[PDB]
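**Student:** There's a structure below that I have some questions on.
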């Protein structure tokens with residue numbers, strides 16, 4: 001069901017039980033008319049995040065999966081939108097929303113002193129399972145020149161139950177990147193990950209009593225969280241702890257984690273190719289060179305060809321230096337058609353474009 005809230009109208013798509021995974025995706029794509037996401041991330045530290053990435057997202061755009069500490073960041077992103085574009089989707093249930101009967105049965109006034117955040121301009125009215133489903137759906141959807149789409153899990157100061165949300169997500173083939181200083185289950189995660197015996201039957205209780213000792217817990221939930229943690233810690237790939245109290249660049253470790261991730265899933269050219277396209281977007285070319293080409297992958301020219309075109313078109317010289325140095329023979333690459341393409345891919349704003357146009 002389609003609805004509009006003249007609050008400047010926000011879109012509502014009815015999110016029925018067991019909804020098709022590719023249904024809400026195409027609905028938000030078409031009914032909301034947003035551009036293709038080149039990146040998706042599902043939610044000192046208060047400035048590091050909201051400055052280094054928020055600014056570095058403007059270059060290429062991305063999608064941010066959130067739920068209306070959190071209010072400060074919501075207001076921050078609201079302030080960031082005031083100054084290619086990034087979109088936010090309000091995938092949320094209907095039970096926790098107030099005045100749900102008013103919107104169920106045309107500006108639906110839902111003034112409540114609960115209501116949803118009016119900063120968002122879209123929503124999907126119907127929870128963790130939907131998150132996992134959409135994540136696996138986007139991670140499979142190939143945005144291309146056949147190009148897949150990135151999705152990441154940013155964890156911060158979470159609660160205990162999130163481990164379950166992480167547990168299945170570890171099976172979801174999703175890299176996890178967590179910060180060590182957020183102040184919740186993130187810190188215990190950061191502490192308990194490194195062990196000779198990766199398990200922790202009771203010292204898990206030792207730390208959960210050590211960190212956040214406001215509520216007392218039964219031993220059954222403690223041993224259950226212990227087995228959950230033992231199951232989660234068995235995928236080092238998706239798992240990636242880091243610190244921002246000493247030194248970093250969030251988009252740098254971001255690529256670091258994503259790259260090490262696409263390392264394990266498989267070893268192909270096209271496998272690494274999305275990530276290489278990523279570094280292309282981020283110009284973190286040194287990282288990839290040390291990491292991707294020189295790291296493991298022995299490339300084939302015919303493959304990298306496409307990317308090479310991309311890189312050149314970006315006036316992006318260095319990566320070309322490398323890809324050529326990676327053994328790309330532009331002599332092989334060159335085609336009068338290839339140059340025809342390249343030139344037709346010139347900037348319309350360029351006086352070159354105008355001059356060529358007058359010529360034509």
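A short reminder: the numbers here are calculations on the coordinates, not readings from a lab. As a convention, Cβ positions derive from the backbone with ideal geometry for all residues, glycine included, and neighbour counts pool all protein chains shown.
Quick grid of which residues meet (1) touching a strand residue (DSSP E or B) at 6+ places or on another chain (Cβ under 7 Å); (2) more than 28 Å from residue 274 (Cβ to Cβ):
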| position | (1), (2) |
| --- | --- |
| 80 | no, no |
| 84 | no, no |
| 90 | yes, no |
| 104 | no, yes |
| 123 | yes, yes |
| 140 | no, no |
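**Student:** Cβ-Cβ distance below 7 Å, separation of 6 or more or different chains: which pairs start in segment 200-216 with a residue that is at negative phi and end on one that is surrounded by fewer than 16 Cβ atoms within 10 Å (Cβ to Cβ) and in a loop (DSSP other than H, G, I, E, B)?
**Tutor:** Within 7 Å, the pairs are 208/217.
**Student:** Residue 178 - would you say it is in contact with a helix residue (DSSP H, G or I) (Cβ under 7 Å, 6 or more places away or on another chain), farther than 29 Å from residue 41 by Cα and not in a loop (DSSP other than H, G, I, E, B)?
**Tutor:** Values: in contact with a helix residue (DSSP H, G or I) (Cβ under 7 Å, 6 or more places away or on another chain): yes; farther than 29 Å from residue 41 by Cα: no; not in a loop (DSSP other than H, G, I, E, B): yes.
For residue 178, the condition - in contact with a helix residue (DSSP H, G or I) (Cβ under 7 Å, 6 or more places away or on another chain), farther than 29 Å from residue 41 by Cα and not in a loop (DSSP other than H, G, I, E, B) - is not met.
Every residue, every condition in (1) buried (at least 18 other Cβ atoms within 10 Å of the Cβ); (2) within 16 Å of the chain's Cα centre (by Cα); (3) over 26 Å from residue 162 (Cβ atoms), yes or no:
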residue	(1), (2), (3)
230	no, no, no
236	no, no, no
241	no, no, no
246	no, no, no
252	no, yes, no
263	yes, no, no
268	no, no, yes
273	yes, no, yes
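**Student:** Let me spell it out: the conditions are (1) touching a strand residue (DSSP E or B) at 6+ places or on another chain (Cβ under 8 Å); (2) in a loop (DSSP other than H, G, I, E, B); (3) loosely packed, with under 14 Cβ neighbours inside 10 Å, and residue 33 meets all of them except one. Which number is the exception?
**Tutor:** Checking residue 33 against (1) touching a strand residue (DSSP E or B) at 6+ places or on another chain (Cβ under 8 Å); (2) in a loop (DSSP other than H, G, I, E, B); (3) loosely packed, with under 14 Cβ neighbours inside 10 Å, the one that fails is (1).
**Student:** Something else now. Yes or no: residue 310 assigned to a helix (DSSP H, G or I), under 23 Å from residue 59 (Cβ atoms) and in contact with a strand residue (DSSP E or B) (Cβ under 9 Å, 6 or more places away or on another chain)? Full working, then the answer.
**Tutor:** On the way: assigned to a helix (DSSP H, G or I): yes; under 23 Å from residue 59 (Cβ atoms): yes; in contact with a strand residue (DSSP E or B) (Cβ under 9 Å, 6 or more places away or on another chain): no.
The answer is no for residue 310.
**Student:** Among the residues that make up segment 161-174, is at least one of them farther than 27 Å from residue 243 by Cβ, part of a loop (DSSP other than H, G, I, E, B) and touching a helix residue (DSSP H, G or I) at 6+ places or on another chain (Cβ under 7 Å)?
**Tutor:** No; the residues of segment 161-174 include none that is farther than 27 Å from residue 243 by Cβ, part of a loop (DSSP other than H, G, I, E, B) and touching a helix residue (DSSP H, G or I) at 6+ places or on another chain (Cβ under 7 Å).
**Student:** Here are some residues: 220, 210, 205, 164. Which one is within 20 Å of residue 134 (Cβ to Cβ) and either surrounded by fewer than 17 Cβ atoms within 10 Å (Cβ to Cβ) or over 18 Å from the mean Cα position of the chain (by Cα) (or both)?
**Tutor:** Working: 220 fails: within 20 Å of residue 134 (Cβ to Cβ); 210 fails: within 20 Å of residue 134 (Cβ to Cβ); 205 fails: within 20 Å of residue 134 (Cβ to Cβ).
Criteria check complete, one pass: 164.
**Student:** Continuing with the same structure: So is residue 289 crowded, with 17+ Cβ neighbours inside 10 Å, within 20 Å of residue 329 (Cα to Cα) and under 19 Å from the mean Cα position of the chain (by Cα) or not?
**Tutor:** Details: crowded, with 17+ Cβ neighbours inside 10 Å: yes; within 20 Å of residue 329 (Cα to Cα): yes; under 19 Å from the mean Cα position of the chain (by Cα): no.
No.
**Student:** Can you list the helices (runs of 4 or more DSSP H) found entirely within segment 203-298 that contain at least 2 residues being within 26 Å of residue 147 (Cα to Cα) and in contact with a strand residue (DSSP E or B) (Cβ under 6 Å, 6 or more places away or on another chain)? Outline the logic, then answer.
**Tutor:** Details: elements: 203-210, 219-232, 250-265, 269-282, 285-288.
So the answer is 250-265.
**Student:** Here's a follow-up. Scan (1) at positive phi; (2) surrounded by 18 or more Cβ atoms within 10 Å (Cβ to Cβ) for the single condition residue 183 breaks and write down its number.
**Tutor:** (2)
**Student:** So, restricting to helices (runs of 4 or more DSSP H) that lie completely within segment 54-144, which ones have at least 2 residues that are touching a helix residue (DSSP H, G or I) at 6+ places or on another chain (Cβ under 9 Å)?
**Tutor:** Working: elements: 54-58, 70-82, 100-104, 128-140.
So the answer is 54-58, 70-82, 128-140.
**Student:** Of all residues in segment 313-342, count the ones that are outside any helix (DSSP H, G or I) and surrounded by 12 or more Cβ atoms within 10 Å (Cβ to Cβ).
**Tutor:** Taking segment 313-342 first, the residues outside any helix (DSSP H, G or I) are 314-316, 326-329, 334-335.
Now drop any that are not surrounded by 12 or more Cβ atoms within 10 Å (Cβ to Cβ), which leaves 314, 316, 326-328.
Within segment 313-342, residues that are outside any helix (DSSP H, G or I) and surrounded by 12 or more Cβ atoms within 10 Å (Cβ to Cβ) number 5.
Quick grid of which residues meet (1) under 23 Å from residue 39 (Cβ atoms); (2) in contact with a helix residue (DSSP H, G or I) (Cβ under 7 Å, 6 or more places away or on another chain):
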site: 240; (1), (2): yes, yes
site: 245; (1), (2): no, no
site: 248; (1), (2): yes, no
site: 263; (1), (2): yes, no
site: 289; (1), (2): yes, yes
site: 301; (1), (2): no, yes
site: 311; (1), (2): yes, yes
site: 334; (1), (2): no, no
site: 338; (1), (2): no, no
